[PDB]
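**Q** Before I ask anything, here is the structure I am working with.
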Amino acid sequence: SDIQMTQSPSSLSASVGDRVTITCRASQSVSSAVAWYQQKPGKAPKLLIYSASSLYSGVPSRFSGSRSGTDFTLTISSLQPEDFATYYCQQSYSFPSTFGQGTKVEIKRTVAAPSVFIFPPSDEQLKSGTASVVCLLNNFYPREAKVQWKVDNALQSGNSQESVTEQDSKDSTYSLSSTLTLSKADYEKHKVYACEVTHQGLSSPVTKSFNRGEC
Amino acid sequence: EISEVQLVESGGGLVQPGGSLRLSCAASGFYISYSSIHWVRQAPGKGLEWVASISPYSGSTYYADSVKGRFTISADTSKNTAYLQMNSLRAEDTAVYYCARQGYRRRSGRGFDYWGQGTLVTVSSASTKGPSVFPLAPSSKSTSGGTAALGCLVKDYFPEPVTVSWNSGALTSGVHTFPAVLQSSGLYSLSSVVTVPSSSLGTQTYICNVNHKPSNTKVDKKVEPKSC
RNA sequence: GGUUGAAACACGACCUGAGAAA
């Protein structure tokens with residue numbers, strides 16, 4: 001029966017200057033042998049707090065930690081825009097060491113409408129039998145957005161994928177790509193390709209279009 | 001010179017199921033003999049999972065149940081390097097593996113104060129494939145938010161990762177390189193885009209520099225408005 | 001439980017306390 005670390009909340013969204021707290025409960029006593037880390041996606045975690053309440057040398061003073069029994073709290077007293085990350089607690093009271101499941105911290109800010117761009121497939125790609133059509137939504141907030149593909153005014157389904165950047169470290173926006181994949185034969189059969197974007201920054205949905213082969 | 005604490009990892013990459021791999025963690029700025037060294041891994045979309053550790057003075061070793069009997073941690077103090085030898089690899093072992101230094105007790109308790117950069121281990125029977133790179137062409141007729149946009153589409157590559165720069169790194173403002181997406185073919189694709197002044201198209205050159213080390217692919221692609 | 005030896009075990013020194021497997 002390994003010690004479990006239960007983190008809360010699963011995610012939070014707070015503005016610059018806000019006080020944020022994250023908690024972690026150990027399933028049994030871990031004394032004060034708890035560390036907190038900050039991790040950017042795909043990067044090494046960084047040590048913030050050790051022995052429950054001690055600030056690691058060099059870490060900014062807005063971070064602090066505290067213990068009450070088996071409940072551990074990480075506090076950020078005044079959130080900064082680079083503080084978006086997943087934060088993890090860890091117990092090293094006994095082997096095996098165990099980690100909490102992470103709390104994702106997002107920087108809340110004002111609404112920003114996306115700028116929208118559509119890209120036809122290149123002639124070079126078509127020669128290999130597949131066509132990729134790309135829609136870009138640039139520098140928007142919040143993250144939620146709908147992208148609808150229309151081919152000759154017919155709504156598309158099941159043939160696109162989306163990817164999103166992490167938040168901008170300066171102004172907290174996202175960008176998003178939507179890629180529509182068609183066979184060359186299907187691409188050549190139709191004329192008008194359109195990307196329709198709905199987002200709370202836009203009063204009305206924005207559609208970008210091109211005509212195949214028409215410059 | 002200033003002596004910096006550094007952990008430099010190597011040895012990761014693509015390995016067939018049932019195969020073996022040895023990861024290395026070469027340390028500088030401190031003598032590994034006097035620290036506990038740990039391995040921690042992170043599977044795609046999952047959290048941190050502690051894997052193994054080795055103790056100073058004794059060389060005692062410890063393992064997570066998930067790897068016990070298959071993985072071996074060790075340290076060669078004469079090379080200031082720690083190792084994770086991994087046998088009988090399964091798909092569930094696919095992850096970024098990190099080595100970490102447990103800090104000095106009086107200054108950091110048991111916290112892990114320095115970490116390696118991570119190395120990706122991919123357990124799969126699939127073959128390495130280099131990407132194709134296609135232009136995302138811009139236009140002075142296609143402006144939004146006061147800019148034009150252009151980019152490069154990097155497609156059908158395996159395993160991760162690829163990296164993209166623009167104009168050999170001289171162009172960074174407005175660049176967005178999206179996370180890779182796994183296609184139904186089992187190959188990855190991503191795009192990298194940049195917003196630029198519409199007045200600049202035709203006065204300025206935009207080249208995307210694509211790197212896929214697993215295949216030794218280095219590709220530069222000029223992105224220009226089409227003559228139309 | 002805490003301090004401390006570059007130190008969770010092994011190899012050492014301590015503090016609190018009836019006892020640090022408390």
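Ligands are numbered from 1 in the order shown, chains are lettered A, B, ... in the order of the structure tokens, and residues start at 1 in each chain.
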Output the contact residues of chain C with respect to chain A at a cut-off of 12 Å, based on only C-alpha atoms (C1' of nucleotides), as a PyMOL selection string.

**A** chain C and resi 1-2+8-9

**Q** For chain C against chain B, which residues fall within 8 Å using only C-alpha atoms (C1' of nucleotides), given as a list in words?

**A**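 Here they are: residues 6, 7, 9 and 10 of chain C.
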
**Q** Output N, CA and C atoms (P, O5', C5', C4', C3', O3' and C1' of nucleotides) for every residue in that selection, as a PDB file, in the first residue's frame.

**A**
```
ATOM      1  P     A C   6      30.289  15.866   5.385  1.00  0.00           P
ATOM      2  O5'   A C   6      28.818  15.701   4.776  1.00  0.00           O
ATOM      3  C5'   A C   6      27.974  16.819   4.524  1.00  0.00           C
ATOM      4  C4'   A C   6      27.278  16.692   3.190  1.00  0.00           C
ATOM      5  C3'   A C   6      26.788  15.285   2.833  1.00  0.00           C
ATOM      6  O3'   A C   6      25.605  15.385   2.029  1.00  0.00           O
ATOM      7  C1'   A C   6      28.325  16.004   1.216  1.00  0.00           C
ATOM      8  P     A C   7      24.167  15.329   2.729  1.00  0.00           P
ATOM      9  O5'   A C   7      24.013  13.825   3.192  1.00  0.00           O
ATOM     10  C5'   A C   7      23.768  12.801   2.234  1.00  0.00           C
ATOM     11  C4'   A C   7      23.689  11.443   2.876  1.00  0.00           C
ATOM     12  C3'   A C   7      22.777  11.371   4.087  1.00  0.00           C
ATOM     13  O3'   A C   7      22.196  10.084   4.123  1.00  0.00           O
ATOM     14  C1'   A C   7      24.972  10.772   4.723  1.00  0.00           C
ATOM     15  P     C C   9      18.332   5.862   7.749  1.00  0.00           P
ATOM     16  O5'   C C   9      18.786   4.543   7.012  1.00  0.00           O
ATOM     17  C5'   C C   9      17.870   3.486   6.770  1.00  0.00           C
ATOM     18  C4'   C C   9      18.511   2.387   5.971  1.00  0.00           C
ATOM     19  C3'   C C   9      19.853   1.881   6.476  1.00  0.00           C
ATOM     20  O3'   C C   9      19.701   0.903   7.485  1.00  0.00           O
ATOM     21  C1'   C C   9      19.981   2.296   4.158  1.00  0.00           C
ATOM     22  P     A C  10      20.686   0.886   8.756  1.00  0.00           P
ATOM     23  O5'   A C  10      22.144   0.648   8.166  1.00  0.00           O
ATOM     24  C5'   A C  10      22.564  -0.632   7.720  1.00  0.00           C
ATOM     25  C4'   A C  10      23.900  -0.559   7.023  1.00  0.00           C
ATOM     26  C3'   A C  10      25.043   0.058   7.814  1.00  0.00           C
ATOM     27  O3'   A C  10      25.627  -0.848   8.723  1.00  0.00           O
ATOM     28  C1'   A C  10      25.021   0.953   5.637  1.00  0.00           C
TER      29        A C  10
END
```

**Q** So that each row is one residue of chain A with an atom at most 7 Å from chain B, can you give its shortest atom pair and the distance in Å to one decimal, using only C-alpha atoms, rows by chain and rising number, as a tab-separated table?

**A**
```
residue	atom	partner	partner_atom	distance
A:33	CA	B:110	CA	7.0
A:35	CA	B:111	CA	5.6
A:43	CA	B:117	CA	6.9
A:44	CA	B:117	CA	6.0
A:47	CA	B:113	CA	5.6
A:50	CA	B:111	CA	5.4
A:51	CA	B:109	CA	5.8
A:56	CA	B:108	CA	6.5
A:92	CA	B:110	CA	6.6
A:96	CA	B:64	CA	5.9
A:97	CA	B:50	CA	6.0
A:98	CA	B:50	CA	6.6
A:99	CA	B:48	CA	6.5
A:101	CA	B:47	CA	5.9
A:102	CA	B:47	CA	6.8
A:115	CA	B:144	CA	5.2
A:116	CA	B:144	CA	6.2
A:117	CA	B:149	CA	7.0
A:119	CA	B:136	CA	5.9
A:122	CA	B:135	CA	6.5
A:125	CA	B:134	CA	6.7
A:163	CA	B:178	CA	6.2
A:164	CA	B:178	CA	6.1
A:165	CA	B:178	CA	5.5
A:215	CA	B:228	CA	4.8
```

**Q** Can you tell me how far CA of residue 13 in chain A sits from CA of residue 64 in chain A, in Å to one decimal?

**A** 18.9 Å

**Q** Can you list every residue in range 6-106 of chain B that DSSP puts in helix (DSSP H, G or I), as an NGL selection string?

**A** :B and (32-34 or 77-79 or 91-93 or 105-106)

**Q** Please identify which residues in range 8-100 of chain A DSSP calls strand (DSSP E) from the backbone, and express them as a PyMOL selection string.

**A** chain A and resi 8+11-15+20-26+34-39+46-50+54-55+63-68+71-76+85-91+98-99

**Q** Write out as a ChimeraX atom specification each polymer residue whose atoms come within 10 Å of residue 206 in chain A, counting only C-alpha atoms (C1' of nucleotides); drop sequence neighbours fewer than 5 positions from it.

**A** /A:114-116,147,195-199

**Q** Counting only C-alpha atoms, figure out which residue out of A:58, A:213, A:65, A:45 gets nearest to residue 85 in chain A.

**A**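 The closest residue to residue 85 in chain A is A:45.
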
**Q** Which residues are close to residue 25 in chain A, i.e. within 9 Å by only C-alpha atoms (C1' of nucleotides), leaving aside same-chain residues fewer than 4 positions away? Reply as a PDB file with N, CA, C and O atoms, in the first residue's frame.

**A**
```pdb
ATOM      1  N   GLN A   4      -0.284   7.654  -1.085  1.00  0.00           N
ATOM      2  CA  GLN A   4      -0.894   8.381  -2.193  1.00  0.00           C
ATOM      3  C   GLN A   4      -0.895   9.869  -1.871  1.00  0.00           C
ATOM      4  O   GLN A   4      -1.114  10.258  -0.725  1.00  0.00           O
ATOM      5  N   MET A   5      -0.631  10.698  -2.878  1.00  0.00           N
ATOM      6  CA  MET A   5      -0.710  12.149  -2.747  1.00  0.00           C
ATOM      7  C   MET A   5      -1.847  12.657  -3.630  1.00  0.00           C
ATOM      8  O   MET A   5      -1.791  12.509  -4.852  1.00  0.00           O
ATOM      9  N   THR A   6      -2.865  13.271  -3.012  1.00  0.00           N
ATOM     10  CA  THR A   6      -4.090  13.696  -3.697  1.00  0.00           C
ATOM     11  C   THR A   6      -4.079  15.214  -3.841  1.00  0.00           C
ATOM     12  O   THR A   6      -4.289  15.923  -2.854  1.00  0.00           O
ATOM     13  N   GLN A   7      -3.874  15.717  -5.072  1.00  0.00           N
ATOM     14  CA  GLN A   7      -3.824  17.159  -5.317  1.00  0.00           C
ATOM     15  C   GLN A   7      -5.176  17.740  -5.729  1.00  0.00           C
ATOM     16  O   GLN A   7      -6.004  17.082  -6.371  1.00  0.00           O
ATOM     17  N   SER A   8      -5.366  19.016  -5.391  1.00  0.00           N
ATOM     18  CA  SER A   8      -6.574  19.772  -5.685  1.00  0.00           C
ATOM     19  C   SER A   8      -6.201  21.244  -5.819  1.00  0.00           C
ATOM     20  O   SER A   8      -5.284  21.699  -5.127  1.00  0.00           O
ATOM     21  N   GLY A  69      -0.893  18.767   9.409  1.00  0.00           N
ATOM     22  CA  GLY A  69      -1.116  17.337   9.448  1.00  0.00           C
ATOM     23  C   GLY A  69      -0.652  16.651   8.183  1.00  0.00           C
ATOM     24  O   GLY A  69       0.542  16.662   7.873  1.00  0.00           O
ATOM     25  N   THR A  70      -1.579  16.036   7.448  1.00  0.00           N
ATOM     26  CA  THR A  70      -1.260  15.404   6.173  1.00  0.00           C
ATOM     27  C   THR A  70      -1.660  16.265   4.978  1.00  0.00           C
ATOM     28  O   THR A  70      -1.554  15.800   3.837  1.00  0.00           O
ATOM     29  N   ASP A  71      -2.108  17.500   5.213  1.00  0.00           N
ATOM     30  CA  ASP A  71      -2.477  18.431   4.147  1.00  0.00           C
ATOM     31  C   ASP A  71      -1.340  19.411   3.912  1.00  0.00           C
ATOM     32  O   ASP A  71      -0.899  20.086   4.846  1.00  0.00           O
ATOM     33  N   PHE A  72      -0.916  19.541   2.657  1.00  0.00           N
ATOM     34  CA  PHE A  72       0.169  20.436   2.284  1.00  0.00           C
ATOM     35  C   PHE A  72      -0.361  21.470   1.304  1.00  0.00           C
ATOM     36  O   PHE A  72      -1.167  21.148   0.428  1.00  0.00           O
ATOM     37  N   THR A  73       0.060  22.713   1.481  1.00  0.00           N
ATOM     38  CA  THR A  73      -0.432  23.800   0.643  1.00  0.00           C
ATOM     39  C   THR A  73       0.735  24.536   0.016  1.00  0.00           C
ATOM     40  O   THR A  73       1.664  24.943   0.721  1.00  0.00           O
ATOM     41  N   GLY A 100       1.913  13.749  -6.500  1.00  0.00           N
ATOM     42  CA  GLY A 100       0.544  14.091  -6.809  1.00  0.00           C
ATOM     43  C   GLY A 100       0.313  14.105  -8.312  1.00  0.00           C
ATOM     44  O   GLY A 100       1.246  14.087  -9.123  1.00  0.00           O
TER      45      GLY A 100
END
```
